[PDB]
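In the block that follows, a single chain appears as structure tokens, in the form deposited in one PDB entry.
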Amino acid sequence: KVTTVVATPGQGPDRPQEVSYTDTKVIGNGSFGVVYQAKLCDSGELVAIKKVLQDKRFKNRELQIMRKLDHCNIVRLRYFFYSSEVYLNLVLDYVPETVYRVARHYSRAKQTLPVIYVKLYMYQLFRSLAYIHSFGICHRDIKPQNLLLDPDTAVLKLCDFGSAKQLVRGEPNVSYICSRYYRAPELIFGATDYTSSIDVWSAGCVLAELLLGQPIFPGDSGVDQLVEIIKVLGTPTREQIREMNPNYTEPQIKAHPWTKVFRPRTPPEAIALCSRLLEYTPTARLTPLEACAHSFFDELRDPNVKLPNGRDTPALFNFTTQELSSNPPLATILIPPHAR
């Protein structure tokens, strides 16, 4: 009925606090681990609790990554504790929806997700990426299930840092790492020297999916995932293949134009954004901050903009100087006059 634990706060120094929660039910049981929902006894606040098997031989990478992060578009680690063969327990802010589930309502209702929500959710995603990439943390599992929503406030929160890694040049990494559909072509090509731009490819695949109503590259297998990319982008050149994976040394299909991929209705600026994210050569793709400053998101910088339910937009321009470090002159576009 009532559970009490001695939990350590994610921020601050290691000063554990007795925490009591109740109304414990299982809301998720997957490869991510087991996830519960619960109500904190002092504030009545809803928390999600993520529980994974953790042997003491190594420090948990996800916990080490979570404790650094403090950002409004990322789910906050409130506390952590140990239980039970030993499990790590992350107590996290509860978020009631996901982009996966929302996109699916619209799709099964044969309805388009309104472009205003496409903008809000994707801007907030890119912002969360700029923040973590500024620390060299690549998420490596950007997909609709990991994008949590409050549908009343339109706030998006990136979650699950269980695949996340601080990438450092020279130290190679594994090529098979995202959800197939959202996997960057360099990864398919077996690059071990990849950058944070793999998250930007994944972001693009989410963007396109929200415009199309269905995944743009629904690969039948690990190998068919590339055949599906070839259909749209065309066959990558020798020059492009070298940039994705230099070791891959050595079939034509022509590029299908970007306008004709989407419905006639689709805003050109949305299309232009897809083309600057879903490039073959990783270094050509936009950075998360450049993406946030793309003209597709100009409506979010309009002073008059509101949500369809009547409320104001969430906090979109309260940038810290840490967030702006990668390209500070983008502040003159990212923070409009009315916000300064």
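All residue numbers refer to positions in the sequence shown, first residue = 1. Rigid core: the largest C-alpha set superposing within 1.5 Å between the two forms.
Asks: Hey, after superposing on the core, which one moves around more in 9 other deposited structures of this protein, 86-94 or 198-206, CA-wise?
Replies: With the rigid core fitted, 86-94 is the stretch that strays more in 9 other deposited structures of this protein.
Asks: After superposing on the rigid core, which of 30-38 and 289-297 has its C-alpha atoms sitting farther from this form in 9 other deposited structures of this protein?
Replies: Higher root mean square deviation of C-alphas in 9 other deposited structures of this protein is shown by 30-38.
Asks: Quick check on the record: how many residues from the deposited sequence are absent from the model between residue 84 and residue 85 (none, 1 to 3, 4 to 9, 10 or more)?
Replies: Unresolved stretch here: 4 to 9 residues.
Asks: Does the chain run continuously from residue 250 to residue 251, or are deposited residues unmodelled in between? Answer none, 1 to 3, 4 to 9, or 10 or more.
Replies: Gap between residue 250 and residue 251: 1 to 3 residues without coordinates.
Asks: Would 140-148 or 187-195 have the larger average of its C-alpha temperature factors, as given in the entry?
Replies: The recorded data point to 187-195.
Asks: Please compare 168-176 with 86-94 and say which has the higher mean C-alpha temperature factor in the record.
Replies: Looking at the recorded C-alpha B-factors, 168-176 comes out higher on average.
Asks: Going by the entry, which of 153, 225, 240, 128 has the most elevated CA B factor?
Replies: Out of 153, 225, 240, 128, the record gives the largest C-alpha B-factor to 240.
Asks: Looking at the C-alpha B-factor values in the deposited entry, which of 315, 48, 66, 305 comes out highest?
Replies: That would be 305.
Asks: Divide the modelled residues of the chain into thirds by Cα B-factor and specify which third, lowest, middle or highest, holds residue 159.
Replies: As the PDB entry reports it, the C-alpha B-factor of residue 159 lands in the lowest third of its chain.
Asks: Which third, lowest, middle or highest, does the C-alpha temperature factor of residue 112 belong to within its own chain?
Replies: Middle third of the chain for residue 112's C-alpha B-factor.
Asks: For residue 219, does the deposited CA B-factor place it in the lowest, middle or highest third of the chain?
Replies: Tercile = middle for this residue's CA B-factor.
Asks: Lowest, middle or highest third: where is residue 70 by C-alpha B factor in its chain?
Replies: For residue 70, whose C-alpha B-factor we compare with every modelled residue in the chain, the answer is the lowest third.
Asks: Compare the C-alpha B factor of residue 229 with those of the other modelled residues in its chain, then answer lowest, middle or highest third.
Replies: Tercile = middle for this residue's CA B-factor.
The form solved in complex with a partner chain is left out here; the points below concern that form.
Asks: Counting only non-hydrogen atoms and a 4.5 angstroms cut-off, does residue 222 reach its partner chain in the deposited complex?
Replies: Answer yes; at least one heavy atom of residue 222 falls within 4.5 Å of its partner chain in the deposited complex.
Asks: Would residue 82 show up as a contact with its partner chain in the deposited complex if we use heavy atoms at 4.5 Å?
Replies: Residue 82: no contact with its partner chain in the deposited complex.
Asks: Answer for residue 231 alone: is it within 4.5 Å of its partner chain in the deposited complex, judged on heavy atom distances?
Replies: Close contact exists here: in the deposited complex, residue 231 approaches its partner chain to within 4.5 Å, heavy atoms only.
Asks: Does residue 135 reach its partner chain in the deposited complex, with heavy atoms at most 4.5 Å apart?
Replies: Judged by the heavy-atom cut-off of 4.5 Å, residue 135 is well away from its partner chain in the deposited complex.
Asks: Tell me, out of 77, 120, 208, 241, which residue has a non-hydrogen atom within 4.5 angstroms of its partner chain in the deposited complex.
Replies: If I apply the 4.5 Å criterion carefully, the residue I get is 241.
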